[PDB]
């Protein structure tokens, strides 16, 4: 409400520079490295081996490296 803060957004559990598998528009997963993490859009700027940068959705970004 007015008095105090109401609500809160989660943290970017992801990591910067972490190699993961992102799902391209086609629907298939490709190898890429995490460059940025947007919580507002729930995406992450990953760079695929194809030197292509695309904002992948936190749900479309598969976390491999344990």
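Some points to look at:
- Taken together, the criteria exclude residue 8 from residues that are loosely packed, with under 15 Cβ neighbours inside 10 Å and touching a strand residue (DSSP E or B) at 6+ places or on another chain (Cβ under 6 Å).
- Within the option set 59, 13, 8, 53, being without any contact (Cβ under 8 Å) to a residue 24 or more places away in the chain and in a strand (DSSP E or B) holds for one residue only, 53.
- Test: residue in region 16-24 that is part of a loop (DSSP other than H, G, I, E, B), within 14 Å of residue 63 (Cα to Cα) and touching a residue at least 40 places away in the same chain (Cβ under 8 Å): yes
Quick reminder, even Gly has a Cβ in these numbers, built from the backbone with ideal geometry, and neighbours come from all protein chains shown. Throughout, read-outs are computed from the coordinates displayed, never taken from laboratory work.
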